[PDB]
Amino acid sequence: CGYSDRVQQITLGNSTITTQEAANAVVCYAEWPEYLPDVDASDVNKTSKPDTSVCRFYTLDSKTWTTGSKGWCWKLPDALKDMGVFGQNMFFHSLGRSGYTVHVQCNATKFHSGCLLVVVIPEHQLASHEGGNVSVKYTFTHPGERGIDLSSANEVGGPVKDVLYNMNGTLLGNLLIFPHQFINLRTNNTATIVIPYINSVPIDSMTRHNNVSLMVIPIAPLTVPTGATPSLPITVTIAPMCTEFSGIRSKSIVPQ
Amino acid sequence: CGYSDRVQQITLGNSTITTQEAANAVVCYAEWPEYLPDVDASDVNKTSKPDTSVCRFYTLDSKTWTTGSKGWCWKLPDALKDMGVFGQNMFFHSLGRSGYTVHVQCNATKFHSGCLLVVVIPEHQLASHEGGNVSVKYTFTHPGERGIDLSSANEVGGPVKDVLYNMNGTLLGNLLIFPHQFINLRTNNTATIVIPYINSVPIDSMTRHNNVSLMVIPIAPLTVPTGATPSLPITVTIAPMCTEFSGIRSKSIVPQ
Amino acid sequence: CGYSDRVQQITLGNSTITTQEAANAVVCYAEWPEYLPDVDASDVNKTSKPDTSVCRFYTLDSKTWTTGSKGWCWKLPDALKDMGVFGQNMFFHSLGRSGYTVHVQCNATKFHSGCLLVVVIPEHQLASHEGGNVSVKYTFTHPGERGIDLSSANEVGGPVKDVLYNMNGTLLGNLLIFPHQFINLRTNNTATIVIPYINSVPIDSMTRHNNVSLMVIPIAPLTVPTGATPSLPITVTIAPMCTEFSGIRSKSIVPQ
Amino acid sequence: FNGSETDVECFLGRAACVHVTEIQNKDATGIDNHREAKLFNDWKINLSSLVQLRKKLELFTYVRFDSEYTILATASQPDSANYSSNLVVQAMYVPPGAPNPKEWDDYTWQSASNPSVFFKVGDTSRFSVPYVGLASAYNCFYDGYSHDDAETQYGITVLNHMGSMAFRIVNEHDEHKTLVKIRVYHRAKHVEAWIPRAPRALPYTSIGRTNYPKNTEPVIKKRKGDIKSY
């Protein structure tokens, strides 16, 4: 016996991830991802319950934290559009309630020095590359699985790629009243954020509305020992927990 | 306090080894090395009990696992011929009952990558270098303390040095229904196999009959970091446990 | 949970050190640093109690253990002369009782090989560089915060810098009946010695009398891996515990 | 302390000058000055003008008001002399989802259920408009357009509209000049805030769109010398 970190089987549907280094958990606020928006309507229920088959750990593409890197930003309910049964429930219905659980993991050896900041920003409105009385037309916003990719990928017509203003006009070190956790390669290699559902309307379309932007950004630059590769990977997995949809016994087919 | 691995004094006779890294134990089968072949002959006993003075940890010569290495094979009751009080009991008597305990240790740093397979093969009959209707004449079989030394030491007239057929006609990855344990340099540096006595005749000459071949073979090649030595040592120690001999009050002198 | 070494807040006055690696403690003898030299004089007491405000961890200057280094020697009650409220109590009064707690710390990485010997020598009389019927005139004895600095700093008129005779005529490996602990970079990085007060007179001037020499000396030379800096730092901190002074309601001003 | 000084209700509940305007009443048409700032004015209320250029409310994400517009109207044309003879001013809170007047003598000043008040010039009028919000809180800071369908306008998000104030004069007779300045002070009651948000770096460049302005000066200050202070 000895170290006994919580690395046991978190198997869930088709997903059997169980990769946890220092498995401490920070939830967004005091509220857990909870299913029920109310009790009843004093009526017999056929309420859409896809949590038996939506709670998979849908991972993403891995992204390579180089020394010359600035950050990555995915729009969370619209990152999982072209994938999973969750995406086909997203186009298949219109409105849905989706709490998420985001597990960002960075492979790093003992010898790599650097720090990351993960941050979950609710309703992150974007700042344009035009920077005037116009923004992105929501084609360049949420590519899905690819992110905005702030790391030196500048473009025209859409959002800005300035990382200090984080497409928001805000400030970088000031960003931490949003839920966040620092990935310190001295201490940890992964981060978990538990995201309950957040919207002023209890049920909402995720094809139209971008609930959450997820940002992983390097605050301190990565200094690899020389003779190694100047690149480290970032893997992010989303497990939509206590997820609900609205269009019960209603939706036939919409193709797009 | 903290890690408390079983590294305490296994002192035994002249032997005070107690070098155990991850001191987990795999025994050959469900049977422990046990002394008594029967109860009695309904008679007063002068039964030969050398376990007070045979149970030493007779180590061997160390062998250097290079990158260009193939394997090592010792014939276990006849490896300890020219050494110890056990060898002089072996020539001094004829017949003996000997259970063994084999502790193979490989010094390896944290930086060395490779895997070994130890395997204890009962009654390992040999395949010849001739490969016809003739084998070794049992001069090249069991050199003792030196082994067959499969690593690129080819010869003529005796056994083959082909490692996939392991002098047996069998197959390398198929060899594991014999008792075995993998020395993985990520995980461990040593291996222990507990060998009870095995023969269709309850008491037998060990000068004539080779009970056990012991093989340590590299399945995965050793990749040292460059700038280090391309060699790692293998140390194997034998503790013959619950060992019995037959020639009580009978043997005077046979020199050879 | 896991390793739980005693690394918690040893905060004490202005001092909040709490840097302990393998926080095992060796005291000089069976006697702890104890305040009371007696009970009373059957009288009302105004006894000088500065332990509320003397027990700070007065650190020293750091010293760089190179490969070409020999040792360092501070005279302990007179090392803290020009510093602290303890030094101003030392000149301000004359006589004082001072038990000490010395914590020598050496920053070392995992890759550095070497060993140190700390040793606390009571009443260490010095051997001269003249080596005749004359010694140092106590100007070169106790520079304070700088030490004798045996490492290749030879001089004329004062003490010898010969490290085997350790300014004493004694022998290096024979020195260990004094309180001592070995700083082994395989095992530890720091050392603590708990020094109770020691003098044939119960109360004594520390401006005149050098109670303790403290020596940190490299027994085994430091072999850094090549490509790193050939220097390691030594930090020594003194916490004078259960410290007492004599000149109660007596001392006005003496400047020097 | 449980004292209403640093809490949210005291924080945003102060009354501030929004929407300075200047109207008059001349005639039916008369001299050709009718449409821009004369004879009436519509505001289309939005706290985006001068809540210290949208700062304390932008510090949070989700708010809920209960507004108290206190309309201070005054006669810019010398009230001391005259230009105030029963100059009754008509205010009107046109709720969201209701047609807006665009003429002084227009049908939707007197229409059905549009809360309109009348008061003397140089006096005030106090309102209490309840929380008129489409969402359960005011989405001051919203990500998303209105539809992927027809899509109402753009991500200005005027869907959570608060209202539209209309001011005009009920008087007559072009022979003379008058001028009336109207100054409304919004005050929010029972303010419930949610989801704290990091503050902006620059003063803004647009309403609704969270855009940071180009061509910026350094919002943070250089050290006076080095990391060595004093």
# chains A, B, ... in the order shown; residues from 1 in each chain; ligands from 1

call {"tool": "residues_around", "arguments": {"residues": "residue C:109", "least_positions_apart": "6", "cutoff": "10 Å", "atoms": "only C-alpha atoms", "output": "list in words"}}
result
residues 185, 186, 189, 224 and 232 of chain C

call {"tool": "write_last_selection", "arguments": {"atoms": "N, CA and C atoms", "output": "PDB file, in the first residue's frame"}}
result
ATOM      1  N   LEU C 185      23.105  13.619   0.658  1.00  0.00           N
ATOM      2  CA  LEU C 185      22.213  14.092  -0.396  1.00  0.00           C
ATOM      3  C   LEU C 185      21.374  12.980  -1.009  1.00  0.00           C
ATOM      4  N   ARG C 186      21.727  11.721  -0.770  1.00  0.00           N
ATOM      5  CA  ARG C 186      20.806  10.637  -1.069  1.00  0.00           C
ATOM      6  C   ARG C 186      19.609  10.664  -0.142  1.00  0.00           C
ATOM      7  N   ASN C 189      18.535  16.777   3.144  1.00  0.00           N
ATOM      8  CA  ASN C 189      19.136  18.003   2.643  1.00  0.00           C
ATOM      9  C   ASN C 189      19.420  18.988   3.762  1.00  0.00           C
ATOM     10  N   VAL C 224      28.684  17.287  -8.925  1.00  0.00           N
ATOM     11  CA  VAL C 224      27.493  17.691  -9.659  1.00  0.00           C
ATOM     12  C   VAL C 224      27.532  16.985 -11.007  1.00  0.00           C
ATOM     13  N   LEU C 232      26.845  24.474  -4.607  1.00  0.00           N
ATOM     14  CA  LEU C 232      25.603  24.264  -3.893  1.00  0.00           C
ATOM     15  C   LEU C 232      25.593  25.164  -2.672  1.00  0.00           C
TER      16      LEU C 232
END

call {"tool": "residues_around", "arguments": {"residues": "stretch 59-65 of chain D", "least_positions_apart": "6", "cutoff": "8 Å", "atoms": "only C-alpha atoms", "output": "number ranges by chain"}}
result
A: 200; D: 130-131, 136-141, 188-199

call {"tool": "write_last_selection", "arguments": {"atoms": "N, CA, C and O atoms", "output": "JSON list (two decimals), in the first residue's frame"}}
result
[["chain", "number", "residue", "atom", "x", "y", "z"],
["A", 200, "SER", "N", -30.73, 32.02, -17.97],
["A", 200, "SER", "CA", -31.90, 32.70, -17.44],
["A", 200, "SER", "C", -33.21, 32.08, -17.89],
["A", 200, "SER", "O", -34.24, 32.31, -17.25],
["D", 130, "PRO", "N", -42.49, 47.57, -13.18],
["D", 130, "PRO", "CA", -42.00, 46.30, -12.64],
["D", 130, "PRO", "C", -40.99, 45.64, -13.56],
["D", 130, "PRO", "O", -40.61, 46.20, -14.59],
["D", 131, "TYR", "N", -40.53, 44.45, -13.20],
["D", 131, "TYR", "CA", -39.53, 43.77, -14.01],
["D", 131, "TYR", "C", -40.18, 43.31, -15.31],
["D", 131, "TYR", "O", -40.87, 42.29, -15.35],
["D", 136, "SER", "N", -35.98, 35.35, -17.25],
["D", 136, "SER", "CA", -36.26, 35.51, -15.83],
["D", 136, "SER", "C", -35.32, 36.51, -15.17],
["D", 136, "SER", "O", -35.63, 37.01, -14.09],
["D", 137, "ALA", "N", -34.19, 36.80, -15.79],
["D", 137, "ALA", "CA", -33.31, 37.88, -15.39],
["D", 137, "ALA", "C", -32.96, 38.68, -16.64],
["D", 137, "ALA", "O", -33.14, 38.21, -17.76],
["D", 138, "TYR", "N", -32.51, 39.91, -16.45],
["D", 138, "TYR", "CA", -32.06, 40.69, -17.60],
["D", 138, "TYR", "C", -30.73, 40.14, -18.07],
["D", 138, "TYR", "O", -29.75, 40.15, -17.32],
["D", 139, "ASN", "N", -30.69, 39.64, -19.30],
["D", 139, "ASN", "CA", -29.43, 39.17, -19.87],
["D", 139, "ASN", "C", -28.67, 40.38, -20.38],
["D", 139, "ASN", "O", -28.75, 40.77, -21.54],
["D", 140, "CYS", "N", -27.94, 41.00, -19.46],
["D", 140, "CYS", "CA", -27.09, 42.12, -19.84],
["D", 140, "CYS", "C", -25.90, 41.66, -20.67],
["D", 140, "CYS", "O", -25.34, 42.47, -21.42],
["D", 141, "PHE", "N", -25.52, 40.39, -20.59],
["D", 141, "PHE", "CA", -24.26, 39.96, -21.19],
["D", 141, "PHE", "C", -24.53, 38.58, -21.78],
["D", 141, "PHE", "O", -24.39, 37.57, -21.09],
["D", 188, "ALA", "N", -33.01, 51.60, -9.88],
["D", 188, "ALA", "CA", -33.38, 50.19, -9.82],
["D", 188, "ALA", "C", -33.64, 49.75, -8.39],
["D", 188, "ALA", "O", -32.82, 49.98, -7.50],
["D", 189, "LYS", "N", -34.79, 49.11, -8.17],
["D", 189, "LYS", "CA", -35.11, 48.54, -6.87],
["D", 189, "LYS", "C", -35.01, 47.03, -6.91],
["D", 189, "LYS", "O", -35.18, 46.41, -7.96],
["D", 190, "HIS", "N", -34.77, 46.47, -5.72],
["D", 190, "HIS", "CA", -34.78, 45.03, -5.45],
["D", 190, "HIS", "C", -33.84, 44.28, -6.39],
["D", 190, "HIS", "O", -34.20, 43.25, -6.97],
["D", 191, "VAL", "N", -32.64, 44.82, -6.54],
["D", 191, "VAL", "CA", -31.73, 44.36, -7.58],
["D", 191, "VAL", "C", -31.15, 43.02, -7.14],
["D", 191, "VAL", "O", -30.53, 42.92, -6.08],
["D", 192, "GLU", "N", -31.38, 41.99, -7.94],
["D", 192, "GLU", "CA", -30.86, 40.67, -7.68],
["D", 192, "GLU", "C", -29.86, 40.34, -8.77],
["D", 192, "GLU", "O", -30.23, 40.28, -9.95],
["D", 193, "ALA", "N", -28.61, 40.16, -8.40],
["D", 193, "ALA", "CA", -27.56, 39.95, -9.39],
["D", 193, "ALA", "C", -27.07, 38.51, -9.36],
["D", 193, "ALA", "O", -27.24, 37.79, -8.37],
["D", 194, "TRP", "N", -26.48, 38.09, -10.47],
["D", 194, "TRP", "CA", -25.95, 36.75, -10.56],
["D", 194, "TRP", "C", -24.71, 36.75, -11.43],
["D", 194, "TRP", "O", -24.57, 37.58, -12.33],
["D", 195, "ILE", "N", -23.83, 35.79, -11.16],
["D", 195, "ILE", "CA", -22.70, 35.40, -12.00],
["D", 195, "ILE", "C", -21.73, 36.56, -12.20],
["D", 195, "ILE", "O", -21.86, 37.33, -13.16],
["D", 196, "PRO", "N", -20.85, 36.79, -11.23],
["D", 196, "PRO", "CA", -19.89, 37.88, -11.31],
["D", 196, "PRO", "C", -19.00, 37.77, -12.53],
["D", 196, "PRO", "O", -18.67, 36.67, -12.97],
["D", 197, "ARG", "N", -18.62, 38.91, -13.06],
["D", 197, "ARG", "CA", -17.93, 38.96, -14.33],
["D", 197, "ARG", "C", -16.75, 39.91, -14.20],
["D", 197, "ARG", "O", -16.84, 40.92, -13.51],
["D", 198, "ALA", "N", -15.64, 39.54, -14.82],
["D", 198, "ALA", "CA", -14.45, 40.37, -14.76],
["D", 198, "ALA", "C", -14.69, 41.71, -15.45],
["D", 198, "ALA", "O", -15.38, 41.76, -16.47],
["D", 199, "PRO", "N", -14.17, 42.80, -14.91],
["D", 199, "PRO", "CA", -14.45, 44.12, -15.48],
["D", 199, "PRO", "C", -13.75, 44.34, -16.80],
["D", 199, "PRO", "O", -12.80, 43.64, -17.16]]

call {"tool": "atom_distance", "arguments": {"atom1": "atom CA of residue C:231", "atom2": "atom CA of residue C:64"}}
result
5.7 Å

call {"tool": "interface_residues", "arguments": {"of": "chain C", "to": "chain A", "cutoff": "9 Å", "atoms": "only C-alpha atoms", "output": "list in words"}}
result
residues 1, 2 and 3 of chain C

call {"tool": "select_by_dssp", "arguments": {"residues": "stretch 106-154 of chain C", "states": "strand (DSSP E)", "output": "number ranges by chain"}}
result
C: 106, 113-122

call {"tool": "atom_distance", "arguments": {"atom1": "atom CA of residue D:38", "atom2": "atom CA of residue D:208"}}
result
28.0 Å
